[PDB]
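*Asks:* In their complex positions, the first chains:
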Amino acid sequence: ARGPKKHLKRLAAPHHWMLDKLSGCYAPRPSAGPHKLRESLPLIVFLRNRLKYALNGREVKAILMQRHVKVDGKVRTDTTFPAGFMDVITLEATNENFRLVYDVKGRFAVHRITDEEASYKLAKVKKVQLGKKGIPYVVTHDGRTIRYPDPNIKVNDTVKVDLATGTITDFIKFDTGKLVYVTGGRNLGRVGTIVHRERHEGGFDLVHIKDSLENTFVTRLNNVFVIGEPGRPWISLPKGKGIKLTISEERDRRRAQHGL
Amino acid sequence: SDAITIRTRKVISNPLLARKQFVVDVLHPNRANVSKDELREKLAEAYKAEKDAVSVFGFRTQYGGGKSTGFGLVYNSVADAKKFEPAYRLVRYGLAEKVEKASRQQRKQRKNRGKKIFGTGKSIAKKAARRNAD
């Protein structure tokens, strides 16, 4: 009714933030941004709770407005900035660089990376349109647009962005038998090689994905994000190699690691 | 009787505010409470600290006594402290003076008055003068 929703309640919040349901009644609604509200992760949720670099909103504000914080390129003065998938957060202090990549169980794990890989973003191709004058442009999954790409770029393809300039260095063509990342749903953050495509007519297109532990899982192309060749990733993966381990396995791990 | 042993769990260097976020662990057998000022005073040989940039918050006494967990922030400067710390905490410590405004209600009333009127005040005064005369 009337207009757009400005606030957001600390229960109506997306699950993979793991915010304290009791302390606080409002969550941070991420502002208008590149990624979808459901997929995206705001900075205050990250900075205050994942890293523990702050303890309050005021603290977070202080951290931000002094302009030490940089996301993919620019600083972003606002608190509630949407940072989704594959996004690089470079903090000027101690040069602690991150890429926001999911974990085994679906959380944006604090993955610490050096300036070498934290220089390029991977971006899924949403659509390719010929714009004004007759110019082809490629659309990144983070809303971003790059004008004049490689002509052989289609949808579901993945693209390198050098961050310093809005330019493509290289791309990984969508192929069955190319190592991949899953970004949403019941199966999230798992990694496999893609066995076979299911093309389908009129919406929803599935792909069958197989991991190293011989466990098949089928997922829509919406959540599928190509990382590269089978064997070699283009991005360093979180601890446990980002393979969805069984509950029994987890229990075993717990029972094996009692070290002090 | 007891000199009180202070160790610090979960130590973050924290470069974004130059402060050091750590969990203060106080152990005071026989002694009633920590008394935070004393702890602050102590915190000087611990991290080359000054009684200005030392901050402590939390300090709930654990059940039974003796053990007391808290949370500490040692800044690199007094200046740093007086640009990142909330003012109330500073006031508590004894660094910045107790900031005085008024009662909230009074302020709100003033705001309402301002809203209900237009101008700087001089015009209003003049009008009043004319109403007072006639």
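*Replies:* In hand now; what should we look at? Residues are numbered from 1 along each chain as shown, chains lettered A, B, ... in the order given.
*Asks:* Could you export the helix or strand in which residue A:248 is found as CSV, CA atoms only?
*Replies:* Mapping residue A:248 onto the secondary structure by DSSP states H and E places it in helix A:247-256. Once non-C-alpha atoms are left out, helix A:247-256 reads as follows in CSV (Å, rounded to 0.1, in the frame of the first residue of the first chain):
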residue,chain,number,x,y,z
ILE,A,247,26.0,-34.7,8.8
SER,A,248,27.8,-37.9,9.8
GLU,A,249,31.0,-36.5,8.3
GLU,A,250,30.6,-33.3,10.2
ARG,A,251,30.0,-35.3,13.4
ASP,A,252,33.2,-37.3,12.7
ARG,A,253,35.1,-34.1,12.2
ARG,A,254,33.8,-32.7,15.5
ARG,A,255,34.8,-35.9,17.3
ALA,A,256,38.3,-35.9,15.6
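*Asks:* so how far is it off the chain centroid?
*Replies:* Centre-to-centre, helix A:247-256 and its host chain are 27 Å apart (C-alpha atoms, centre = their mean, to the nearest Å).
*Asks:* go on, stretch A:251-260?
*Replies:* 30 Å.
*Asks:* and chain C, same structure:
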Amino acid sequence: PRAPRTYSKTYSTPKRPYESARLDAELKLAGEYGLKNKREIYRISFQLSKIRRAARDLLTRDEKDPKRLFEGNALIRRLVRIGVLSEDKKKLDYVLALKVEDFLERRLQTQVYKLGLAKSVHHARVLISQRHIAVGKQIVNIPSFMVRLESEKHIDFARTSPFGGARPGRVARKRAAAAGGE
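*Replies:* Okay, chain C now, added to the rest:
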């Protein structure tokens, strides 16, 4: 509002309030293990009932199913940690049994009385209430605390307590004063 502050009932009241045998049993248990409230017994039974329910559910799922492999095992581990279940007895059938007596025996109220320290259960209760019991270093004034196997040796008088070190109590001071001024 806030929302997720959920309050659980923790005990079950019996469906028939004057079923005599049951009542007698409860009374006997209270006598044995010093109990202010029948709700304490009821509480423990409710807990046990919950465990039983879980066990039943697990049994319903077939032998060496994933759920059975997980949850049942976890339950067994939990029980071992509390004590209660024997180290030979780790096969779900045992869990289904478990009695009612055992939970009222592996709890501070009884666990203090078990090695001594009190020479009576009511005495033990009083001791627990008045803070002169530590789990190891931490004071517990909960009678139905449930001592947990690893802590089974470290139950002793607190560091800041009479008949366990520290200082004389309120009566001793009075006596001293009297002695001073005679």
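*Asks:* related to what we said a few turns ago, quick one: the helix holding residue A:248 near chain C?
*Replies:* Yes. Using C-beta under 8 Å from any C-beta of the partner chain, we find that helix A:247-256 touches chain C at A:247-248, A:251. The C-beta positions use only the backbone N, C-alpha and C, and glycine is treated the same way.
*Asks:* near chain B too, which of these?
*Replies:* Within the residues of helix A:247-256 next to chain C, nothing lies near chain B by C-beta under 8 Å from any C-beta.
*Asks:* By neighbours, which of those wins?
*Replies:* Within those, most neighbours by other C-beta atoms under 10 Å in any protein chain shown means residue A:251, with 16 neighbours.
*Asks:* buried stuff in stretch A:163-173?
*Replies:* Within stretch A:163-173, the residues that count as buried by 16 or more other C-beta atoms under 10 Å in any protein chain shown are A:163, A:168, A:171-172.
*Asks:* Same check on stretch A:81-93?
*Replies:* Within stretch A:81-93, the residues scored as buried using 16+ other C-beta under 10 Å are A:81-91, A:93.
*Asks:* Now tell me what touches stretch A:83-96 from outside.
*Replies:* A:33-36, A:39-43, A:46, A:68-72, A:97-102, A:112, A:115, A:118-119, A:121-123, A:141-142, A:163, A:183, A:225, A:235, B:13, B:15-16 (C-beta atoms under 8 Å, 6 or more residues apart in numbering or on different chains).
*Asks:* slot RNA strand D in:
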RNA sequence: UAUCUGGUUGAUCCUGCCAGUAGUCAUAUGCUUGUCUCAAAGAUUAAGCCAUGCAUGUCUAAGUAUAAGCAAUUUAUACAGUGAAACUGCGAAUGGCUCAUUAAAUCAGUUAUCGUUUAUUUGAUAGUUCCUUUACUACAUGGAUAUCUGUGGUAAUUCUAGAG
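*Replies:* With RNA strand D now in place:
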């Protein structure tokens, strides 16, 4: 803890229902209430009535400052430091409250927009404006309105006429 007991008879089996019993994250209420952590609370009846007070305003290095306002000392002649006040710019369509409507409507899940609009944020984005196109077009920058100063009118109020 898949449970029942009392009551039709002179006694008996039923059929039955009535009692009791147990719970309420269901009210009210009755006396009694030493504690601790937690904390629902004008929904039900009348979406009935409502006195007063208060619940949306806002400024940075950076849209306007000749407040006849402080400040001024070490930075201040076009201003340079804050900074009320008023315009312009946003925001007041969020939140909060309530359940009278409303029965394939809402709503739930579910598609779709190849059937559309989208301030804002994020990216990208107008080499091409002129008009017979050498006596030409301010681009090394073109014209009047409101804050306050005064005259007020009025039984009054987020009314305000006139002039500069």
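*Asks:* again for the buried residues of stretch A:163-173, RNA strand D present now?
*Replies:* Applying 16+ other C-beta under 10 Å to stretch A:163-173 flags A:163, A:168, A:171-172 as buried.
*Asks:* same check, this time on stretch A:60-78
*Replies:* Buried positions in stretch A:60-78, judged by neighbour count with 16+ other C-beta under 10 Å: A:60, A:62-64, A:68-72, A:76.
*Asks:* Residues of chain C that sit close to chain B?
*Replies:* So chain C meets chain B at C:131, C:134, C:137-139, C:158-160 (C-beta under 8 Å from any C-beta).
*Asks:* In PyMOL, how would I select just the buried ones from those?
*Replies:* Restricted to buried positions by 16+ other C-beta under 10 Å, the PyMOL selection for the residues of chain C next to chain B reads:
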select buried, chain C and resi 131+134+139+158+159+160
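*Asks:* Mind picking the two most distant members of the residues of chain C next to chain B?
*Replies:* Greatest spatial distance in the residues of chain C next to chain B: C:131 and C:137, 13.4 Å, computed using C-beta to C-beta.
*Asks:* Now list whatever residues contact both of those two.
*Replies:* residue B:64.
*Asks:* coming back round to it: so which of the buried residues of stretch A:163-173 comes closest to chain B?
*Replies:* Comparing the buried residues of stretch A:163-173 against chain B with C-beta to the nearest C-beta picks out residue A:163 as the nearest, at 21.3 Å.
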